[PDB]
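2 protein chains.
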Amino acid sequence: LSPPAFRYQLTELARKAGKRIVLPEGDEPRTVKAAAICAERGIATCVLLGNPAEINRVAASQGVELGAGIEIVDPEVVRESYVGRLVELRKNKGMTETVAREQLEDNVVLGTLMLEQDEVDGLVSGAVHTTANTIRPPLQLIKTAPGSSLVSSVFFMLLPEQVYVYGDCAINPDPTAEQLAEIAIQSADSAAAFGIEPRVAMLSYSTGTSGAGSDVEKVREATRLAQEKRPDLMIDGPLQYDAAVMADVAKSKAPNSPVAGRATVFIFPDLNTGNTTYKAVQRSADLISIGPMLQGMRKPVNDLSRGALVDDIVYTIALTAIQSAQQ
Amino acid sequence: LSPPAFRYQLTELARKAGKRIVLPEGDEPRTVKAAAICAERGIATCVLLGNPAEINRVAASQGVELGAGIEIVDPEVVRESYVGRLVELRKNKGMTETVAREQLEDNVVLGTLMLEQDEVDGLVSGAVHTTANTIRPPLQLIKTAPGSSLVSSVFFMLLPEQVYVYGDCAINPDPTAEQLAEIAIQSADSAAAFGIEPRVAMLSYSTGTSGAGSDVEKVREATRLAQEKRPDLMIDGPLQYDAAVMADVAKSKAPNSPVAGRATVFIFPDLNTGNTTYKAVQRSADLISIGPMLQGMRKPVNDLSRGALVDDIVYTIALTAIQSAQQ
Ligand SMILES: [Cl-]
Ligand SMILES: [Cl-]
Ligand SMILES: [K+]
Ligand SMILES: [K+]
Ligand code: NA
Ligand code: NA
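Given below as structure tokens:
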């Protein structure tokens, strides 16, 4: 699975999904250009939230036509029709009609209510907003998937001939043992859904009992808890990074391990570890990453980097559509 | 500073130091062969602790002569002469003459007492023993250097044209803010002593205020505390790894930073982060590392990997001799 091969696999899987993805940042130039690519290539039907005139002016300003597969929704027209639904959804938290109308001025809230009404299949935003702005309404309204008590994330690491899965390198600062086992299971399910055989390495500064301490025991607990809920999955830990990827190190420090030496899914003990290793490997191996992709949400939601490129948005919409077919 | 250039710089600095390094594993084949190289190249005078006949048989078994610069000490001859000193050193902890004699059967204890008696300048062991076996007697008897409340460690990361310093990637599992500031200062002093201009990046999953949480505040506290004790040092944090090494990321996320974009010393928030990133970078960039090197000890002590090679031992003796001239 080379980087071009994996990127095409995302295109193939998204086409077979045949999903509708709402884009709250409907008039954003990068998002308009990416939506037209997804429609022309069959990656997804893109629902743009914004003024039809402005979106078409932005589309014309970038040499892009919005034909089939592009559906523009004017928030001013449809906003009031979702007020009653939002009041009903948050009535026990003190939602009023006036407050609900105030919240619906944000296109992410509007797209989330469209997502909750099963009018679209997924939501992508964040090119010109914060991560919290993208995920807070879905967290409040869509909630977590059954069997998940939290949302985590993964990065797809595109090596020259294979794809690794890293997580959680963006969201959860300090997972407990129970949460870490949940992150490992979510990440392995994500890997399998995107064509990656999950061999899950629970990372630590200790390989087995080479090191001791509360930090090592948390990874050991999470390993056992994850194996309890999913006896079918190949999980092992604790493992240092070299033991997870090198067969020679595996044969010397963890020879009875079904994961060591050939791990494909790498679960980091905390965000310090995950984000630092993710950033360092991106520079040192000079490889390519796709993500981060959220996991554990009841319906797919994903947040873009504020400096994302058009192609970054294109494949993020693909991931979101593929996640919709997974559920 | 290419890897060959840096390795020669260690040779030059060790020669100028002109130190004596005691080797408790005196009859170990790899250690005997490395000691003769250090003596012939002028890296250090090596004091081998073992049976003179056995050491010479091991030396002859590897095509190696032990001439000038090699001094063999028979533990059976000199052990009793250090019993009274050990009793005096640990009298308040319940040391007796019989217990002291029992402890002196371990050559590391004997070499540590030689180190404490200023008969040698540094100690290297661990090729056939655990790390705890190497460092416990010095920790009990030599103690920490003035201004240091703990011992930490660094790895020298030999990039194609420069050398980075990583720490602490081996010893301290979860440093407090005060300890982390101490690790940063020790690591910068180590870097400068080995010909590396210290620009210290205090690593985190947050660049500045990009992320919040107790983990980020610890790095922020350690950054300020380290700057308080050493106003002359270039320290900054918190910084993600990409902000520390990439000028473009630095100009966008930390433009007022005197370290971001050109860091040479990388201080990891905990052992999970340090060891995982160290192991991952070694595989991803396929670079070369030297270490780990202890720091903060009153007199230099260093521990070998049990799978170390002869050349690994050679340059570890060099590091230890260089550390002796630093103090
Ligand atoms: Cl274990
Ligand atoms: Cl800050
Ligand atoms: K964002
Ligand atoms: K050792
Ligand atoms: Na690898
Ligand atoms: Na670099």
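Chains as they are written, first to last, in the entry's author numbering: chain A, 387 to 713; chain A', 387 to 713. A prime marks a further copy of an entry chain.
C-beta: ideal position from N, C-alpha, C; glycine also.
On the three-state DSSP scale, how would you describe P655 of chain A'?
Reading the second sequence from its first residue, position 269 is the one you call residue 655 of chain A'. Correct three-state label for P655 of chain A': coil.
Collect the residues with a C-beta less than 6 Å away from any heavy atom of ligand 6 and give them in sequence order along the chain.
Close to ligand 6, as judged by a C-beta nearer than 6 Å to any of its heavy atoms, are the residues A:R669 and A':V631, in chain order.
Is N558 of chain A' helix, strand or coil when you go by DSSP?
Mapped onto the second sequence, residue 558 of chain A' falls at position 172. Residue state, collapsed to three classes: coil.
Whose C-beta lies closer than 8 Å to the C-beta of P415 of chain A among residues of the same chain, with five residues either side of it excluded?
By 1-based counting over the first sequence, the position of residue 415 of chain A is 29. The beta carbon of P415 of chain A is closer than 8 Å to those of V444, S447 and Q448 in its chain, skipping five residues each way along the sequence.
Using a 10 Å radius around the Cβ and a threshold of 16 neighbouring Cβ atoms, would you call residue 351 of chain A buried or exposed?
Shown here, chain A extends from 387 to 713; a query on residue 351 of chain A therefore has no answer.
Taking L472 of chain A' as the reference, give the member of A':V433, A':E491, A':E457 and A':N442 with the closest Cα.
Stepping through the second sequence from its first residue, residue 472 of chain A' is reached at position 86. If we check each option's Cα against that of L472 of chain A', A':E491 comes out closest.
Between the Cα of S596 of chain A and those of A:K615, A:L625 and A:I571, spot the shortest distance and give me the residue it belongs to.
The residue you call residue 596 of chain A lines up with position 210 of the first sequence. Nearest C-alpha to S596 of chain A among A:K615, A:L625 and A:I571: A:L625.
Can you list the residues of chain A that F392 of chain A' reaches, using a CB-CB cut of under 7 Å?
Working through the second sequence from its first residue, we reach residue 392 of chain A' at position 6. Think of a sphere of 7 Å around the beta carbon of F392 of chain A': no beta carbon from chain A falls inside it, the nearest being about 18 Å out.
Alpha carbon to alpha carbon, how far is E547 of chain A from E564 of chain A'?
Looking up residue 547 of chain A in the first sequence gives position 161. Looking up residue 564 of chain A' in the second sequence gives position 178. Going by C-alpha positions, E547 of chain A is about 44 Å away from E564 of chain A'.
Do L387 of chain A and ligand 5 come close, with the Cβ less than 8 Å from some heavy atom?
Against the first sequence, residue 387 of chain A aligns to sequence position 1. No.
Give the straight-line distance between the Cα atoms of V494 of chain A' and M588 of chain A, rounded to the nearest whole angstrom.
The sequence position of residue 494 of chain A' within the second sequence is 108, counting from 1. The sequence position of residue 588 of chain A within the first sequence is 202, counting from 1. Cα to Cα, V494 of chain A' sits roughly 36 Å from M588 of chain A.
Examine chain A' for any beta-carbon lying closer than 9 Å to the beta-carbon of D656 of chain A, and answer yes or no.
By 1-based counting over the first sequence, the position of residue 656 of chain A is 270. At least one chain A' Cβ lies under 9 Å of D656 of chain A.
Over what stretch of residues does the beta strand (DSSP E) that includes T650 of chain A' continue unbroken?
As a first step, residue 650 of chain A' is located in the second sequence; it is residue number 264 there, counting from the start. Counting along the chain, no beta strand (DSSP E) covers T650 of chain A', and no H or E run does either.
According to the neighbour-count rule (16 or more other Cβ atoms, all chains shown, within 10 Å of its Cβ), is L695 of chain A' buried or exposed?
Here residue 695 of chain A' refers to the residue found at position 309 when the second sequence is read from its first residue. Under this definition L695 of chain A' is an exposed residue.
Step through the CB atoms of chain A and report whether any lies within less than 9 Å of the CB of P524 of chain A'.
Here the question's residue 524 of chain A' lines up with position 138 in the second sequence. The beta carbon of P524 of chain A' sits no closer than 9 Å to any beta carbon of chain A.
Spell out whether any CB of chain A is found under 9 Å from the CB atom of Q565 of chain A'.
Taking the first residue of the second sequence as 1, we reach residue 565 of chain A' at position 179. No, its Cβ sits nowhere closer than 9 Å to a Cβ of chain A.
Less than 9 Å between the beta carbons of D554 of chain A and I653 of chain A, yes or no?
Along the first sequence, read from residue 1 onward, the residue named residue 554 of chain A stands at position 168. Along the first sequence, read from residue 1 onward, the residue named residue 653 of chain A stands at position 267. Contact annotation: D554 of chain A and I653 of chain A have beta-carbon atoms nearer than 9 Å.
What residues are listed by DSSP as bridge partners for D622 of chain A'?
Here residue 622 of chain A' is taken as the residue at index 236 of the second sequence, counted from 1. Note: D622 of chain A' sits in a beta bridge opposite A':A587.
Span separating the alpha-carbon of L434 of chain A' from that of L690 of chain A'
To locate residue 434 of chain A', count along the second sequence from 1; it is residue 48. To locate residue 690 of chain A', count along the second sequence from 1; it is residue 304. Cα atoms of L434 of chain A' and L690 of chain A': separation of roughly 16 Å, rounded to the nearest angstrom.
Identified DSSP bridge partners for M683 of chain A:
Position 297 of the first sequence, counted from the start, is the residue given in the question as residue 683 of chain A. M683 of chain A is bridged to A:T530.
Using a Cβ-based criterion (distance less than 8 Å to any ligand heavy atom), does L545 of chain A qualify as near ligand 5?
Your numbering for residue 545 of chain A matches position 159 in the first sequence. Yes, ligand 5 has a heavy atom inside 8 Å of this Cβ.
Going by the DSSP bridge assignment, what does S539 of chain A' pair with across the sheet?
Locating residue 539 of chain A' in the second sequence gives position 153, counting from the first residue. Beta-bridge analysis with DSSP links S539 of chain A' to A':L680.
C-beta contact flag for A608 of chain A' and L566 of chain A' at 9 Å
Along the second sequence, read from residue 1 onward, the residue named residue 608 of chain A' stands at position 222. Along the second sequence, read from residue 1 onward, the residue named residue 566 of chain A' stands at position 180. Yes. Within cutoff.
For a test of the three-state rule: what should DSSP assign to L544 of chain A', helix, strand or coil?
Sequence index remark: in the second sequence, residue 544 of chain A' carries index 158 (1-based). Residue state, collapsed to three classes: strand.
Reduced DSSP secondary structure (H/G/I, E/B, other) of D413 of chain A
In the first sequence, counting from the first residue as 1, residue 413 of chain A sits at position 27. Here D413 of chain A sits in coil by DSSP.
Which parts of the segment 446-493 of chain A' are runs of the beta strand (DSSP E), unbroken and 3 residues or longer, counting only runs that do not cross its ends?
Counting only runs of at least 3 residues, the segment 446-493 of chain A' fully encloses the following beta strand (DSSP E) elements, listed from N- to C-terminal order: 456-459.
Determine whether the Cβ of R416 of chain A' lies closer than 9 Å to any Cβ atom of chain A.
In the second sequence, counting from the first residue as 1, residue 416 of chain A' sits at position 30. No, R416 of chain A' lies away from the interface with chain A (no Cβ there is under 9 Å from its Cβ).
What's the C-alpha gap between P655 of chain A and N658 of chain A'?
As a first step, residue 655 of chain A is located in the first sequence; it is residue number 269 there, counting from the start. As a first step, residue 658 of chain A' is located in the second sequence; it is residue number 272 there, counting from the start. So the alpha carbons of these two residues sit roughly 7 Å apart.
With distances taken from each beta carbon to the nearest heavy atom of ligand 2, which residues come in below 7 Å, in chain order?
Matched residues: A':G594, A':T595, A':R606 and A':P624.
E466 of chain A to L475 of chain A span [Cα, whole Å]
Walking along the first sequence from the start, residue 466 of chain A turns up at place 80. Walking along the first sequence from the start, residue 475 of chain A turns up at place 89. So the alpha carbons of these two residues sit roughly 15 Å apart.
Cβ neighbours of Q572 of chain A in the same chain (closer than 6 Å, five flanking residues each side left out):
For the purposes of this step, residue 572 of chain A is identified with residue 186 of the first sequence, where counting begins at 1. Cβ neighbours of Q572 of chain A beyond the five flanking positions: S538, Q681 and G682.
Pull out every residue of the segment 582-609 of chain A' whose Cβ sits closer than 7 Å to any Cβ of chain A, in chain order.
Result list: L589, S590, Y591, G599 and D601.
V667 of chain A': contacting residues in chain A (beta-carbon distance under 8 Å)
Within the second sequence, the letter at position 281 stands for residue 667 of chain A'. Ordered by position in chain A, the residues that pass the 8 Å Cβ test against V667 of chain A' are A666, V667 and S670.
Quick one: is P561 of chain A near chain A', going by C-beta distance under 9 Å?
In the first sequence, the residue the question calls residue 561 of chain A occupies position 175. Between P561 of chain A and chain A', the shortest Cβ-Cβ separation is not below 9 Å.
Closer than 8 Å to a non-hydrogen atom of ligand 4 - does that hold for the CB of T706 of chain A'?
Your numbering for residue 706 of chain A' matches position 320 in the second sequence. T706 of chain A': no, Cβ never under 8 Å from ligand 4.
Report yes if the C-beta of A513 of chain A' is less than 8 Å from at least one heavy atom of ligand 4; otherwise report no.
To locate residue 513 of chain A', count along the second sequence from 1; it is residue 127. The answer is yes for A513 of chain A'.
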